[PDB]
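The chain contents come next:
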Amino acid sequence: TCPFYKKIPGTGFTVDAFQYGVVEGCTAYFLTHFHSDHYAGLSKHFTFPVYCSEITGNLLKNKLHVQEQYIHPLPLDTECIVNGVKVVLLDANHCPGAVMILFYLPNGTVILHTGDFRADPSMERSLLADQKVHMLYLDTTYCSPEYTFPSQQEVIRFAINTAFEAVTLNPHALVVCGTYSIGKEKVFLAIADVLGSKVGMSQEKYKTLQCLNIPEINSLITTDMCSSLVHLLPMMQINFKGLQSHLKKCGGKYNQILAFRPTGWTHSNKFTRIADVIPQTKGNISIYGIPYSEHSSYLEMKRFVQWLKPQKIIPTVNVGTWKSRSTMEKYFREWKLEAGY
Ligand code: NI
(Lines give C-alpha, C1' and ligand atoms only; values in the text may rest on other atoms or scores of the structure.)
Protein backbone atom coordinates (compact mmCIF):
# COMPACT_ATOMS: atom_id res chain seq x y z
CA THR A 1 0.00 0.00 0.00
CA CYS A 2 0.74 3.74 -0.57
CA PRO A 3 3.28 4.87 2.07
CA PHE A 4 2.54 7.79 4.39
CA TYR A 5 5.45 9.83 2.92
CA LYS A 6 3.55 10.05 -0.46
CA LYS A 7 0.37 11.35 1.15
CA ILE A 8 -0.46 14.90 1.99
CA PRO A 9 -2.45 15.14 5.37
CA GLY A 10 -5.89 16.71 5.30
CA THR A 11 -6.39 16.38 1.55
CA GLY A 12 -7.05 13.46 -0.77
CA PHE A 13 -3.78 14.23 -2.58
CA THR A 14 -0.84 11.95 -3.31
CA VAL A 15 2.67 12.66 -4.83
CA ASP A 16 4.60 10.31 -7.08
CA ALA A 17 2.29 7.38 -6.04
CA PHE A 18 1.38 5.54 -9.27
CA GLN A 19 2.60 2.04 -8.58
CA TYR A 20 0.00 0.98 -5.93
CA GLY A 21 -3.13 0.72 -8.10
CA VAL A 22 -6.11 2.81 -6.95
CA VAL A 23 -5.20 4.73 -3.73
CA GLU A 24 -8.20 4.77 -1.39
CA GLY A 25 -9.28 8.32 -0.74
CA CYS A 26 -7.13 9.88 -3.51
CA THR A 27 -8.86 12.51 -5.66
CA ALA A 28 -5.70 14.04 -7.33
CA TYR A 29 -2.32 12.40 -8.17
CA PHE A 30 0.62 14.84 -8.43
CA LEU A 31 3.69 13.95 -10.45
CA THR A 32 6.84 16.01 -9.58
CA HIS A 33 8.85 15.06 -12.72
CA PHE A 34 9.26 12.63 -15.57
CA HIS A 35 11.74 10.02 -14.16
CA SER A 36 10.61 6.29 -14.22
CA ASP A 37 10.89 5.64 -10.45
CA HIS A 38 8.47 8.54 -9.82
CA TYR A 39 6.06 7.84 -12.68
CA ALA A 40 6.23 3.95 -12.31
CA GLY A 41 2.80 2.46 -13.03
CA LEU A 42 1.42 5.38 -15.16
CA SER A 43 0.44 4.39 -18.73
CA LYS A 44 -2.26 4.98 -21.37
CA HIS A 45 -4.47 2.86 -19.08
CA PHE A 46 -4.58 5.37 -16.11
CA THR A 47 -8.02 7.12 -15.73
CA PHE A 48 -7.65 9.57 -12.76
CA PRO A 49 -6.57 13.24 -12.65
CA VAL A 50 -2.75 13.88 -12.79
CA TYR A 51 -1.43 17.37 -11.79
CA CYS A 52 2.06 18.42 -13.09
CA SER A 53 4.11 21.06 -14.93
CA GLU A 54 3.44 21.83 -18.63
CA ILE A 55 6.72 20.04 -19.66
CA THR A 56 5.82 16.94 -17.59
CA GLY A 57 2.38 17.01 -19.32
CA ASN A 58 3.92 17.06 -22.80
CA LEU A 59 5.95 13.95 -21.88
CA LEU A 60 3.01 12.12 -20.36
CA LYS A 61 0.92 12.81 -23.49
CA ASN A 62 3.63 11.97 -26.13
CA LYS A 63 5.93 9.31 -24.50
CA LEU A 64 3.57 7.40 -22.19
CA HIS A 65 0.40 8.02 -24.24
CA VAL A 66 -1.67 9.03 -21.17
CA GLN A 67 -4.98 10.35 -22.52
CA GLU A 68 -5.29 14.13 -22.62
CA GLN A 69 -8.48 14.36 -20.53
CA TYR A 70 -6.54 13.19 -17.44
CA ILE A 71 -3.57 15.67 -17.70
CA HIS A 72 -3.91 18.91 -15.71
CA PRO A 73 -0.78 21.05 -16.34
CA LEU A 74 -0.25 24.02 -14.01
CA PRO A 75 2.01 27.07 -14.53
CA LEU A 76 4.95 27.82 -12.28
CA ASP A 77 5.12 30.48 -9.52
CA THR A 78 1.33 30.99 -9.64
CA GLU A 79 -1.24 30.43 -6.82
CA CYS A 80 -3.72 27.80 -8.19
CA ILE A 81 -6.72 25.97 -6.59
CA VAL A 82 -6.85 22.19 -6.91
CA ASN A 83 -10.02 20.46 -5.57
CA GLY A 84 -10.61 23.35 -3.09
CA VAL A 85 -6.93 23.64 -1.91
CA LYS A 86 -4.40 26.38 -2.70
CA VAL A 87 -1.13 25.13 -4.31
CA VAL A 88 1.99 26.57 -5.95
CA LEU A 89 4.52 24.75 -8.20
CA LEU A 90 8.17 25.96 -7.98
CA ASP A 91 11.26 25.17 -10.07
CA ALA A 92 13.14 22.25 -8.40
CA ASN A 93 16.48 22.77 -10.26
CA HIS A 94 16.51 19.03 -11.14
CA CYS A 95 15.64 17.91 -14.72
CA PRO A 96 13.35 19.73 -17.27
CA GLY A 97 9.86 20.22 -15.87
CA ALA A 98 10.74 19.07 -12.35
CA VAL A 99 8.78 20.92 -9.57
CA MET A 100 8.58 21.34 -5.82
CA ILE A 101 4.96 21.73 -4.58
CA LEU A 102 3.74 24.08 -1.82
CA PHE A 103 0.36 22.98 -0.26
CA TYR A 104 -1.64 25.46 1.90
CA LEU A 105 -3.95 23.26 4.02
CA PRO A 106 -7.37 24.51 5.05
CA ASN A 107 -6.36 24.45 8.82
CA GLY A 108 -3.42 26.88 8.13
CA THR A 109 -0.59 24.30 8.03
CA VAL A 110 1.89 24.88 5.11
CA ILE A 111 3.71 21.86 3.51
CA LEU A 112 6.63 21.87 1.08
CA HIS A 113 7.26 18.70 -1.00
CA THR A 114 10.61 19.09 -2.75
CA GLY A 115 10.24 16.18 -5.25
CA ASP A 116 13.79 15.56 -6.50
CA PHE A 117 15.77 18.82 -6.21
CA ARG A 118 19.18 20.55 -6.18
CA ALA A 119 18.90 23.09 -3.43
CA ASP A 120 20.14 26.54 -4.40
CA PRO A 121 20.29 30.00 -2.71
CA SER A 122 17.90 31.43 -5.38
CA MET A 123 15.19 29.31 -3.67
CA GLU A 124 15.65 31.56 -0.60
CA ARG A 125 14.01 34.47 -2.57
CA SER A 126 10.98 32.61 -4.04
CA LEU A 127 7.33 32.47 -2.71
CA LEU A 128 8.76 30.24 0.11
CA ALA A 129 10.24 33.20 1.89
CA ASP A 130 6.73 34.78 2.30
CA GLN A 131 5.49 32.42 5.15
CA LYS A 132 6.27 29.74 7.71
CA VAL A 133 6.53 26.08 6.43
CA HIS A 134 5.51 23.54 9.05
CA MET A 135 6.39 20.29 7.24
CA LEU A 136 9.02 19.40 4.65
CA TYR A 137 9.05 16.31 2.50
CA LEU A 138 12.74 16.17 1.56
CA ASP A 139 14.84 14.63 -1.19
CA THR A 140 17.46 12.98 1.02
CA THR A 141 19.45 11.29 -1.83
CA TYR A 142 22.82 12.73 -0.66
CA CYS A 143 22.20 13.27 3.02
CA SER A 144 25.71 12.41 4.38
CA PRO A 145 28.76 14.67 4.66
CA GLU A 146 30.95 12.67 2.30
CA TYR A 147 28.77 13.77 -0.67
CA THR A 148 30.46 16.86 -2.08
CA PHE A 149 30.53 17.91 -5.78
CA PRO A 150 31.48 20.87 -7.91
CA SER A 151 28.94 23.38 -9.20
CA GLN A 152 27.21 22.61 -12.49
CA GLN A 153 28.99 25.65 -13.99
CA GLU A 154 32.53 24.40 -13.06
CA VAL A 155 31.77 21.03 -14.64
CA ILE A 156 30.33 22.62 -17.89
CA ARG A 157 33.32 24.94 -18.21
CA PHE A 158 35.67 21.94 -17.93
CA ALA A 159 33.66 19.98 -20.53
CA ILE A 160 33.62 22.90 -22.98
CA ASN A 161 37.44 23.50 -22.77
CA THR A 162 38.20 19.80 -23.04
CA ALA A 163 36.04 19.31 -26.12
CA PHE A 164 37.16 22.49 -27.89
CA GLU A 165 40.89 21.54 -27.43
CA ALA A 166 40.43 17.93 -28.68
CA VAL A 167 38.50 18.87 -31.83
CA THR A 168 40.86 21.79 -32.69
CA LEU A 169 43.81 19.34 -32.36
CA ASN A 170 41.93 16.75 -34.54
CA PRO A 171 39.09 18.11 -36.63
CA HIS A 172 38.12 14.44 -37.50
CA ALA A 173 37.31 13.61 -33.80
CA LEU A 174 33.79 12.84 -32.72
CA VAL A 175 32.38 13.91 -29.32
CA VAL A 176 29.94 11.49 -27.63
CA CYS A 177 27.82 12.17 -24.51
CA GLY A 178 26.08 9.28 -22.64
CA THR A 179 22.43 9.66 -21.41
CA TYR A 180 19.50 7.46 -19.89
CA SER A 181 16.59 9.71 -19.06
CA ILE A 182 15.86 13.38 -19.16
CA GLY A 183 18.26 15.68 -17.27
CA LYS A 184 21.80 16.94 -17.75
CA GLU A 185 20.97 18.37 -21.24
CA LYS A 186 23.31 21.33 -20.66
CA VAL A 187 26.33 18.94 -20.95
CA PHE A 188 25.73 18.11 -24.61
CA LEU A 189 24.20 21.45 -25.58
CA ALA A 190 27.19 23.44 -24.23
CA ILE A 191 29.73 21.14 -25.99
CA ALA A 192 27.86 21.51 -29.31
CA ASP A 193 27.59 25.25 -28.99
CA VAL A 194 31.40 25.65 -28.52
CA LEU A 195 31.99 23.45 -31.61
CA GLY A 196 29.37 25.10 -33.85
CA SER A 197 27.42 21.82 -34.29
CA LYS A 198 23.98 20.33 -33.73
CA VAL A 199 23.57 17.34 -31.45
CA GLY A 200 22.75 14.10 -33.32
CA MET A 201 20.59 11.39 -31.70
CA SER A 202 18.13 8.52 -32.20
CA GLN A 203 14.46 9.16 -33.17
CA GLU A 204 13.17 8.24 -29.58
CA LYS A 205 15.62 10.69 -27.91
CA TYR A 206 14.85 13.51 -30.39
CA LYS A 207 11.10 13.01 -29.72
CA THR A 208 11.82 13.28 -26.00
CA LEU A 209 13.83 16.55 -26.42
CA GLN A 210 11.11 18.06 -28.61
CA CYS A 211 8.76 18.04 -25.63
CA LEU A 212 10.93 20.14 -23.33
CA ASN A 213 10.13 23.79 -24.26
CA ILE A 214 13.87 24.53 -24.89
CA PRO A 215 14.09 27.79 -26.91
CA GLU A 216 15.48 27.46 -30.53
CA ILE A 217 15.53 23.64 -30.10
CA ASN A 218 15.12 23.03 -33.85
CA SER A 219 18.40 24.81 -34.46
CA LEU A 220 20.23 22.69 -31.84
CA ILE A 221 19.37 19.01 -32.40
CA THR A 222 18.91 16.57 -35.36
CA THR A 223 18.29 12.92 -36.26
CA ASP A 224 20.85 13.14 -39.09
CA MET A 225 23.94 11.59 -37.34
CA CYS A 226 26.09 12.18 -40.47
CA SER A 227 25.77 15.98 -40.29
CA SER A 228 26.71 16.50 -36.59
CA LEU A 229 29.93 16.20 -34.54
CA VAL A 230 28.37 15.61 -31.13
CA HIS A 231 26.31 12.43 -30.77
CA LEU A 232 24.13 11.12 -27.90
CA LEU A 233 24.17 7.45 -27.05
CA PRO A 234 22.75 5.40 -24.20
CA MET A 235 25.00 5.43 -21.05
CA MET A 236 25.40 1.61 -21.41
CA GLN A 237 27.29 2.07 -24.69
CA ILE A 238 29.90 4.47 -23.09
CA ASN A 239 32.86 2.01 -22.97
CA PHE A 240 35.74 1.13 -25.35
CA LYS A 241 33.85 -1.77 -27.00
CA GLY A 242 30.62 0.22 -27.68
CA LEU A 243 32.48 3.34 -28.76
CA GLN A 244 34.81 1.47 -31.38
CA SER A 245 31.59 -0.26 -32.65
CA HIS A 246 29.82 3.14 -33.05
CA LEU A 247 32.96 4.51 -34.78
CA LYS A 248 32.76 1.60 -37.39
CA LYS A 249 29.10 2.60 -37.98
CA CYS A 250 29.77 6.21 -38.94
CA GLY A 251 31.48 5.33 -42.25
CA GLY A 252 35.05 6.62 -41.76
CA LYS A 253 33.88 10.18 -41.19
CA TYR A 254 35.67 10.25 -37.80
CA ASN A 255 38.92 8.57 -36.65
CA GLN A 256 38.82 9.37 -32.94
CA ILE A 257 36.27 9.56 -30.06
CA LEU A 258 36.14 11.71 -26.94
CA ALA A 259 33.27 10.57 -24.67
CA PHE A 260 31.72 12.00 -21.51
CA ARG A 261 29.84 9.94 -18.86
CA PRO A 262 27.90 12.39 -16.64
CA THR A 263 27.42 10.50 -13.39
CA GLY A 264 26.33 11.28 -9.90
CA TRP A 265 28.80 10.91 -7.07
CA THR A 266 31.35 8.03 -7.15
CA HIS A 267 34.14 7.56 -4.48
CA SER A 268 36.80 9.80 -6.34
CA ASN A 269 34.91 13.05 -5.24
CA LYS A 270 36.80 12.84 -1.87
CA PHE A 271 40.25 14.02 -3.27
CA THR A 272 40.17 15.11 -6.90
CA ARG A 273 39.05 18.77 -7.90
CA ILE A 274 37.47 19.12 -11.40
CA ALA A 275 40.66 20.70 -12.74
CA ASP A 276 42.65 17.56 -11.88
CA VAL A 277 40.45 15.20 -13.87
CA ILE A 278 42.16 12.97 -16.47
CA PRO A 279 40.43 10.44 -18.81
CA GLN A 280 40.67 6.69 -19.30
CA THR A 281 42.28 5.94 -22.69
CA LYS A 282 42.51 2.91 -25.04
CA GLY A 283 44.00 3.74 -28.43
CA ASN A 284 42.00 6.42 -30.34
CA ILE A 285 39.14 6.59 -27.72
CA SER A 286 39.14 8.58 -24.47
CA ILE A 287 36.44 8.51 -21.73
CA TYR A 288 35.96 11.25 -19.13
CA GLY A 289 33.91 10.75 -15.96
CA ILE A 290 32.31 14.07 -14.87
CA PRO A 291 30.28 14.44 -11.68
CA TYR A 292 27.35 16.65 -13.00
CA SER A 293 24.77 16.36 -10.26
CA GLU A 294 20.99 17.30 -10.32
CA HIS A 295 20.59 16.51 -6.59
CA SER A 296 21.54 18.53 -3.50
CA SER A 297 25.08 17.96 -2.05
CA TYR A 298 25.14 17.58 1.78
CA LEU A 299 26.16 21.22 2.25
CA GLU A 300 23.50 22.55 -0.19
CA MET A 301 20.72 20.45 1.54
CA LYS A 302 21.87 21.55 5.03
CA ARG A 303 21.86 25.27 4.11
CA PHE A 304 18.35 25.05 2.56
CA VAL A 305 16.88 23.28 5.56
CA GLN A 306 18.66 25.58 8.13
CA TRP A 307 17.20 28.56 6.29
CA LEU A 308 13.70 27.09 6.00
CA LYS A 309 13.51 25.98 9.63
CA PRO A 310 10.72 23.38 9.28
CA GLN A 311 8.98 22.04 12.40
CA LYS A 312 9.07 18.48 10.97
CA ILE A 313 11.03 16.70 8.18
CA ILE A 314 9.69 13.72 6.24
CA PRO A 315 12.41 11.95 4.22
CA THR A 316 11.49 10.70 0.71
CA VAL A 317 14.67 8.87 -0.34
CA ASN A 318 16.65 6.05 1.33
CA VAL A 319 13.75 5.33 3.70
CA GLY A 320 13.64 1.61 3.10
CA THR A 321 16.04 0.52 5.98
CA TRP A 322 16.07 1.48 9.67
CA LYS A 323 19.81 2.20 9.65
CA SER A 324 19.38 4.86 6.88
CA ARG A 325 16.43 6.47 8.63
CA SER A 326 18.32 6.53 11.99
CA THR A 327 21.39 8.09 10.34
CA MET A 328 19.32 10.81 8.67
CA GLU A 329 17.42 11.68 11.92
CA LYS A 330 20.78 12.27 13.57
CA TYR A 331 21.78 14.85 10.93
CA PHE A 332 18.37 16.55 11.16
CA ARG A 333 18.79 16.99 14.97
CA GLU A 334 22.37 18.36 14.55
CA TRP A 335 21.12 20.98 12.02
CA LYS A 336 18.25 22.01 14.35
CA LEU A 337 20.59 22.39 17.39
CA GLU A 338 23.14 24.42 15.41
CA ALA A 339 20.53 26.85 14.02
CA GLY A 340 18.24 27.26 17.06
CA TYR A 341 14.86 26.07 15.67
NI1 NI B 1 14.72 12.36 -10.45
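Residues numbered from 1 in each chain as written, not as in the entry; some residues may be left out. Heavy atoms only, no water. Residues with missing side-chain atoms left out of burial classes, pairs and counts.

Listed as the method for this PDB entry is X-ray crystallography; the listed resolution is 2.0000 Å.

K.L.:
So what about the overall build of the chain? Which residues, and what values?
P.N.:
Broken down by element type, the chain carries 8 helices and 18 strands. Here the C-alpha atoms of the chain give a radius of gyration of 22 Å, agreeing with the 20 Å that 2.2 N^0.38 yields for 341 residues. Relative to all contacts within the chain whose residues are 6 or more apart in sequence, the contacts with residues 24 or more apart total 62%. (Helix = DSSP H or I, 4+ residues; strand = E, 2+ residues; numbered from the N terminus. Rg over C-alpha atoms; globule rule 2.2 N^0.38 Å. Contact = heavy atoms within 4.5 Å.)

K.L.:
Before we move on, can you summarise the sheet that holds strand β15 (residues 256-263) with the specific residues and values?
P.N.:
With respect to topology, 7 strands assemble into an open sheet ordered β13-β12-β14-β11-β15-β17-β16, the strand pairing being mixed. Each having just a single partner strand, β13 (221-222) and β16 (280-282) make up the two edges of the open sheet. Sheet strands in contact with helix α3 (residues 152-169) are β11 (173-179), β15 and β17 (285-291), and its direction is about 175° off that of β15. (Pairing = 2+ DSSP bridges. Axes fitted to C-alpha atoms, helices over the stretch in contact; angles between N-to-C directions.)

K.L.:
Just give me the short version of the coordination of the nickel ion, but keep the residues and values in it.
P.N.:
Taken together, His-33 (NE2), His-35 (ND1), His-94 (NE2) and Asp-116 (OD) make up the protein donors of the nickel ion, found 2.3 to 2.4 Å from the metal. Each of the 4 donor atoms bound to the nickel ion contributes to angles spanning 90 to 170°, and the resulting shape is irregular. Every donor residue of the nickel ion comes from the same chain, spaced as H-x1-H-x58-H-x21-D. Placement of the pair is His-33 in the loop between β3 (28-30) and α1 (36-39) and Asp-116 in the loop between β9 (110-113) and β10 (135-138), with a sequence separation of 83 residues. The two residues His-33 and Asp-116 agree in class, both being buried. (Donors = N, O, S within 2.8 Å, 3.2 Å for Na, K, Ca; no water. Tetrahedral: all angles 85-135°; square planar, octahedral: opposite > 155°, others 65-115°. Buried < 20%, exposed > 50% of the residue type's maximum accessible area, 1.4 Å probe, protein only.)

K.L.:
How would you sum up the domain arrangement of the chain? Please name residues and give values.
P.N.:
Note: interface size is frequently given as the accessible area lost on complex formation between the parts. What the domain assignment lists for the chain is domain 1 (1-147 + 296-341) and domain 2 (148-295). In this structure, domain 1 and domain 2 have C-alpha centres spaced 30 Å apart. Listed as interface residues are 25 residues of domain 1 and, on the opposing side, 20 residues of domain 2. Ranked by residues supplied to the side of domain 1 that touches domain 2, first place goes to helix α2 (residues 54-64) with 6 residues. (Domains from an automatic or database assignment.)

K.L.:
Residue-level account of the packing of aromatic side chains, with values.
P.N.:
Taken as a whole, this structure holds 21 aromatic pairs when the rule is applied. Ring centres of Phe-13 and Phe-103 lie 5.9 Å apart, and the angle between their planes is 40°; this geometry places the pair in the tilted category. Separated by 90 residues along the polypeptide, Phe-13 in strand β2 (residues 13-15) and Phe-103 in strand β8 (residues 99-104) bring together distant segments of the chain. Residue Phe-13 is classed as buried on the basis of its relative accessible area, which comes to 3%. Exposure remark for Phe-103: the relative accessible area of 0% places this residue in the buried category. (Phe/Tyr/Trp six-rings, centres within 6.5 Å; stacked < 30°, edge-to-face > 60°.)

K.L.:
Lay out the packing of α3 against helix α4 (residues 185-194) with the relevant residues and their values.
P.N.:
Packing of α3 against α4 brings their axes to within 9 Å, and their N-to-C directions diverge by 40°. Considered as vectors, α3 and α4 are oriented oblique to each other. Here α3 and α4 pass one another in a crossing that is right-handed. Listed contacts from α4 to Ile-156, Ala-159, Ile-160, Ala-163 and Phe-164 of α3 are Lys-186, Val-187, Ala-190, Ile-191 and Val-194. A class-by-class count of the residues in the contact of α3 with α4 yields 9 nonpolar, no polar and 1 charged. (Parallel < 35°, antiparallel > 145°, perpendicular 65-115°, else oblique. Left-handed = near helix turned anticlockwise from the far one by under 90°. Nonpolar A, V, L, I, M, F, W, Y, C, P; charged D, E, K, R; others polar.)

K.L.:
For the pattern of salt bridges, give the residues involved together with the corresponding values.
P.N.:
Side chains that differ in charge, positive against negative, can pair when their charged atoms come close. Scanning the entire structure with this criterion turns up 5 salt bridges. When the shortest N-O distance is used, the salt bridge between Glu-68 and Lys-61 registers 3.2 Å. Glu-338 serves as the salt-bridge partner of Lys-302, at 3.0 Å between the closest nitrogen and oxygen. Taken as a pair, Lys-302 in helix α7 (residues 298-308) and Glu-338 in helix α8 (residues 322-339) lie far apart in primary sequence, 36 residues in all. Judged by relative accessible area, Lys-302 falls into the buried class, the value being 15%. Judged by relative accessible area, which is 55%, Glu-338 ranks as exposed. (Salt bridge = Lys/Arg side-chain N within 4 Å of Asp/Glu carboxyl O.)

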